[PDB]
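S.K.: Fold the following and give me the result.
(chains A, B, C, D, E, F, G, H, I and J, ligands or ions: 3)
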Amino acid sequence: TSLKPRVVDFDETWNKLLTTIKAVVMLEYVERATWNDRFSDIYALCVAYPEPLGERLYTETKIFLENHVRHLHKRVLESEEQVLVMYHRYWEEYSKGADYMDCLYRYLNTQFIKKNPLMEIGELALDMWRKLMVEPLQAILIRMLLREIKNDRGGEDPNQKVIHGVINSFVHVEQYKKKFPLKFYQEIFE
Amino acid sequence: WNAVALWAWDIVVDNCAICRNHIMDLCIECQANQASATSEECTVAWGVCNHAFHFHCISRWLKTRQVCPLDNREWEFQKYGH
Amino acid sequence: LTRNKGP
Amino acid sequence: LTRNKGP
Amino acid sequence: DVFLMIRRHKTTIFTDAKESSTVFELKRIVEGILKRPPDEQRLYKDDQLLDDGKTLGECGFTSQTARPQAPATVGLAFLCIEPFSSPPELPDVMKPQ
Amino acid sequence: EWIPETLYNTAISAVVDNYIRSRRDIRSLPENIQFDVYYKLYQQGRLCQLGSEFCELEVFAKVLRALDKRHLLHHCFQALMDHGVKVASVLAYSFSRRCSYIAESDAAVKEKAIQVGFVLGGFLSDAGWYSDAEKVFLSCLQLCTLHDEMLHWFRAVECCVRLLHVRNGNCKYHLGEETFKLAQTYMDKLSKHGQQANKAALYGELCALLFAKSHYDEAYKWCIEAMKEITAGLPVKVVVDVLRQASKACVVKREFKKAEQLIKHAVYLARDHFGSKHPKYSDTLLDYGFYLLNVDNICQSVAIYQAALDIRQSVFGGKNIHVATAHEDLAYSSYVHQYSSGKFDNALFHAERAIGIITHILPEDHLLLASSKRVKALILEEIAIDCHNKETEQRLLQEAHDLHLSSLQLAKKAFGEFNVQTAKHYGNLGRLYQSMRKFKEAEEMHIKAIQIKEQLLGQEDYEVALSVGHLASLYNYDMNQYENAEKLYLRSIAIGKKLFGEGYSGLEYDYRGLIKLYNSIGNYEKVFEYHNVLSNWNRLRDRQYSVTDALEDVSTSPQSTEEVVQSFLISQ
Amino acid sequence: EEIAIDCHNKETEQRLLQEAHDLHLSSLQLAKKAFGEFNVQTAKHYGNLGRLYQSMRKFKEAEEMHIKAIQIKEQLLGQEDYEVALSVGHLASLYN
Amino acid sequence: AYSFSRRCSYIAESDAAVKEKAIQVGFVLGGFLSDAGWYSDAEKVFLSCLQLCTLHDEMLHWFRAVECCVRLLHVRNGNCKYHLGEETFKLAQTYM
Amino acid sequence: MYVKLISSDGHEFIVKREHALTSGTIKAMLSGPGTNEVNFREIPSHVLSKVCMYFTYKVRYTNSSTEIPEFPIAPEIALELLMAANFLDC
Amino acid sequence: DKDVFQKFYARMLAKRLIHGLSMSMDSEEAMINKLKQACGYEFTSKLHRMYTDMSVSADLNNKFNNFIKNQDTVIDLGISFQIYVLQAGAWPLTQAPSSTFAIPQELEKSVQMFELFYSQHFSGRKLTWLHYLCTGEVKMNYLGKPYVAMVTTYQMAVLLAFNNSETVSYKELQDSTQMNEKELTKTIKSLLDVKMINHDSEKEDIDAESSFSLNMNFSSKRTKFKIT
Ligand SMILES: [Zn+2]
Ligand SMILES: [Zn+2]
Ligand SMILES: [Zn+2]
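M.R.: Numbers count the residues shown, from 1 in each chain, chains lettered A, B, ... in the order given. Ligands and ions are numbered 1, 2, ... in the order given. Below is the structure in question.
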């Protein structure tokens, strides 16, 4: 085989890629040889013959992303009185997985997304996180933040990583918005 | 404090496109006849299109065509040197 | 100059 | 007339 | 400077050894990535053995011969270097079919 | 100092140089690499090796999907069309053959041959090859009208609205209403099955069809509907086109308060989505300059045509109709701007260039030559009357006569004898005869212009005012009928003050004419009164120079689309 | 210039003389940049500019051009030479 | 000219037979372009040939470097690169 | 400091990390999950050798003040290397 | 080849003219005038501009001192500020100023105010400052005896940081000046030649780590001296 366009079946390669994407988003573990295979496949999918499959790949990666964020948001809902501590660790795992996803979809992010609306794969993860999980529960996740920092002056200090890992979470979910580097974080929390 | 300052015209094109000479040197008119007679008044003149030329050259240019030599726009002076 | 601009 | 040819 | 490649039957070691450095520095470079002492393994330019104290500059590794565009090739023995799998040939166009 | 060339670019240079051995293997490369290889064929000067590759629809379908690198494609395609390679015609013929072959095949294959048809037709309409995009759109129309299921109805309506655009720009207006009726039937039978379609894109094309037909009263009534049909989910292309045509329709109805509201929002929206070097933004700037030329803000209008041409001249190569229309618009605003100054070397350069482009890419008879050959003739008038030599300006008068007669014949063949454009040509030709010493039919042409304009436009527009002032200067300055020209001068001044404030630029030519009229029949008191008000007009115009350009006028984010559309509809 | 000299129109003469002015100064700049100030071709353009100045009624610096051309022609090519003779002929025609 | 220069830069590190063939092709092609008047596009061919002459210092390469430097001098006088002409001639004397 | 790359033909190419960071996607190859192992199932040995030589050409000639010679991409290895150059973002 | 001699002369005339050393301005004028009638005006076109710039220098400075007195607010530079503008197309002192500079507040007022004067006196002219030819006489009085030394602005930046505080690290010095690192090795080495600053560090080679401190034991035979 070579790097030429071929007539590749989208279903089988999508099923092969879904396992790696699942192993990336929750940051469990990925085999490096399998990671190289996923690069070799993410290249071949974007230049598939006769019609490039980059559009289908993007519009199904977003479906996988939205159902993953929906499942994790249900996990947040069922976890009463522990939304913030679990939110910190889940957001850290999801942000590292989003960076590794941007690395995973590098060719699609520089030959089809930049050609067109559509959003970067790494920036689509954070955007979907803030527009599908934060939006239903924006009020609840912030009232505790203000209460904890007010209680620090009142005597009851909060944990460092619990409160500092979310004050920058709103910063990172607007990195793609170069015109608003900090506007969203200031208006909704500060 | 003894200090040294190089003065220059802030045009970045640094070539009078009419006479092809350097924007800081004398124009071709002031280097041909007035080189030995009187060469100190050869200043540059800008325009609305922000294309500075030697004032003698652009006035020499304006005697036949009233457009900027580089881009064919209406030529109107906005800044001189003096 | 006597006339106006052409319509 | 009035001069010679140009060099 | 000298840019050259060091191959052991499946590999290729891209180095940046200067004209001042001799064979010993390249042996240390190989040891830094392949973990083999210079006593165990020796390099082979073409079919000739290089003295350790002999500088690569007089061993035919001039700058105009070993530019990074086409670095010089030396064989490594711990030869039988496998060919690079040369790309498919092109039609000669002017060849009469 | 020196940066090494990219391995990708070095391989592109190597693949191009090895072209003969690998000309067909490039067609198997990804569509990303294919455009770069063909752009290197263009850059190296291998236009002959590139024309044979862009004349194949199989190759050109893959290179058309490089949407990021489209501004280069428009400058490569044009480079071939100037080169002498009829790429547009050959692509149209190839698509006609393809559709005639695949008409009876599966509808899924027909759907694929329609999407390729839409992108190719849209490219050839964007590039300015409307006649050559007419064949592609008609060929796609046959494919989508062969079937009758719910899937192809929307494709048929989209092809009809796209096909109406390539007819308005081609000045094939006699087929415009036929295509509108066809799309009317298609969307009427869409409404029968329940599915609804957006009518803003279709109505905005009639907004240009009737505007070019000078049916301004009907064009306004259609642009009301077009702005009513704007929804939230429409693409910025459709919204920008609708706002642009609404502005064009509102200008000629003398509703300049809301025409600015539409055109400034259109300029901002096109600049925000597309960019500052995009052909659609150039179109929006061109019609913004049209607006600013029609509000007596000429100083801010010549700077927008120059901004709209520099986008089209850098994107669409040298000899294109889009560059030609930008020249013929700039040759008219620079004509108007330098009308008092008398510097018509710039305005003639943009007038000889537009004619030199249209006469090369369009047939000898075409309505787009009516506007191009009129403008150059207008500049030829003012250079002649201000020329120091008389035998040269006699020939200039002769050439202007030839141009006016040709433009009038084209306009009459296109529309008839009682059209507003033909009235403008009548007024211009009479204005010509006012300096050509042929006054006896000059007055007849002026009267014809007045009656044609009054029949359609009425007596509430400045278009009639220019002809009234022209006839008044005819009577006053040469024909010696001083008494009957006073009412014409008064009409011109009154209706000029009605619309364009007290500092309308055309009022000077009425004041200095009516003062000359009075200085020969007595009544020195009114001479003194008009000399008093003429200094007031001079200082008013001097204060109203409006040094701020229109790019700073449109600003950034004044309001969203909903506010503009609702304000325009509530104002109506 | 020779069309301008041999035509009756004042405006046409002025326009063509200005055009010849532009061409002569551009040619002089090209020769000065390529060869240098002291060379035969630069003196050719100086003599042409002198003739043109004599044609444009600017006799003040036409003389300056003519001696400027002669002092380079007779230096490099010798005091007696064809082009030296042609330049001094132009100077004499300007004088008398 | 670009294709010839690229191919010469490629086959510079080859045997003398292919270099002889390339120098002959460059001689005929550069002579054609110099005869056609594309001096700016004939220097590149002749500079490539001259570069091919310098890798090996044998007798035939030394002989043909003078030919490349006399044809390179001709495509630099018609192109008015007189500043490079003296350098080319000094190189020609070096090989001669 | 050194990273090794595997061709589709089984060849191994070892180059410094700073040389291999020239490619856009080799940075992503070295990122993500954790001398680093890099495998290409499509890229053969000759084009990867050409890319690896281009790394040393690029880093050595980076921001140089002299006339940088052009990288000799041979005519037969031109399209396979062009595909590799696009995929590697090299 | 007279043209190459001009390149040797113009650079060597530039060094002579701006450092204030000359037998007489009339001799400089006579030399350029005599070369004009021996090789042509274009040969001495740049050289005659060099002398003229020194003639403008007197005319430029007094107008600047006239400008500072005709100020609405009381603005004082605090230093004997001497300036002369040099044509960029004539002088050979351009070279390649690849090293940026940031003068501290001692001379920041002087350099900033001169821009306002020069922008209004001459229209369309921008000033490029050759900070490595500017030599200033700074009040050296941190020790017992007020010595007088001649240092450049490149040398002034190192010294000025030490005048305010006698203990300045090399890490701050290499970042405050915002200029090249290789010349800083020889910048302070010249000061230690005359023992301006003690070698507080122990390493013989001067590097980024070598924090230094001024010398309280410095003695000079002459009150006024030039540091070479
Ligand atoms: Zn000039
Ligand atoms: Zn001048
Ligand atoms: Zn300009």
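
S.K.: what residues does chain I put near chain A?
M.R.: Applying C-beta under 8 Å from any C-beta of the partner chain, one finds that chain I approaches chain A through I:8, I:24-25, I:27-29, I:31-34, I:36-44, I:80, I:83-84, I:86-87, I:89. Any C-beta I mention is one placed from the backbone N, CA and C, and that applies to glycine too.

S.K.: if you set the cut-off to 10 Å instead, what comes out?
M.R.: I:5-6, I:8, I:24-34, I:36-44, I:47, I:79-89 (C-beta under 10 Å from any C-beta of the partner chain).

S.K.: which of those count as buried?
M.R.: Using 16 or more other C-beta atoms under 10 Å in any protein chain shown as the burial test, those include I:5-6, I:8, I:25-26, I:28-33, I:37-44, I:47, I:79-89 as buried.

S.K.: ranges for the strands of chain B?
M.R.: B:2-9, B:44-45, B:53-54 (DSSP state E).

S.K.: Could you export the ones you listed as JSON lines, including distance to chain F and mean neighbour count?
M.R.: What follows is those, written out as JSON lines (distance: least, C-beta to the nearest C-beta, whole Å; neighbours: other C-beta atoms under 10 Å in any protein chain shown):
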{"stretch": "strand B:2-9", "distance to chain F": "23", "mean neighbour count": "20"}
{"stretch": "strand B:44-45", "distance to chain F": "17", "mean neighbour count": "21"}
{"stretch": "strand B:53-54", "distance to chain F": "17", "mean neighbour count": "27"}
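
S.K.: Now, the buried ones among the residues of chain I next to chain A that are in strands?
M.R.: Using DSSP E, those in strands are I:5-6, I:37-39.

S.K.: Looking at those, spot the one nearest chain H.
M.R.: residue I:5 (25.4 Å; C-beta to the nearest C-beta).

S.K.: Wait, residue J:163 touches residue J:196, no?
M.R.: No: using C-beta atoms under 10 Å, residue J:163 makes no contact with residue J:196, being 11.1 Å away.

S.K.: And the strand or helix carrying residue J:184, what does it pack against?
M.R.: Here residue J:184, judged by DSSP states H and E, is contained in helix J:182-193. Helix J:182-193 sits against strand J:148-152, helix J:153-164, helix J:170-176, strand J:197-198, strand J:212-214, with contacts defined as 3 or more C-beta pairs under 10 Å, 6 or more residues apart in numbering or on different chains; DSSP states H and E.

S.K.: Please see if the second one touches chain B.
M.R.: Yes: under the criterion of C-beta under 10 Å from any C-beta, chain B is reached by helix J:153-164 at J:153, J:156.

S.K.: helices or strands next to the helix or strand following that helix in the packing?
M.R.: Proceeding N to C from helix J:153-164, the next assigned helix or strand is strand J:167-168, under DSSP H and E. Judged by 3+ C-beta pairs under 10 Å, 6+ apart, the packing partners of strand J:167-168 are helix J:153-164, strand J:212-214.

S.K.: For the closest residue to residue F:269 other than its chain neighbours, the count of nearby residues, please.
M.R.: Spatially, and ignoring its direct neighbours in sequence, residue F:269 is nearest to residue F:240 (5.6 Å; C-beta to C-beta, 6 or more residues apart in numbering or on different chains). Residue F:240 has 27 neighbours, counted by other C-beta atoms under 10 Å in any protein chain shown.

S.K.: Over to residue F:240. Which of the three states is it?
M.R.: State at residue F:240, reduced to three classes by DSSP: H, G, I helix; E, B strand; the rest coil: helix.

S.K.: That one and residue F:309: what is the separation?
M.R.: Residue F:240 sits at a distance of 19 Å from residue F:309 (criterion: C-beta to C-beta, to the nearest Å).

S.K.: same check, this time on residue J:25
M.R.: From residue J:25 to residue F:309 the distance is 56 Å (C-beta to C-beta).

S.K.: right, and the strands of chain B - which one's nearest residue A:115?
M.R.: The closest approach between residue A:115 and any of these, judged by C-beta to C-beta, belongs to strand B:53-54 at 42.6 Å.

S.K.: Mind listing the strands the closest one pairs with, and their directions?
M.R.: Sheet pairing for strand B:53-54, assigned by DSSP bridges, gives strand B:44-45 (antiparallel).
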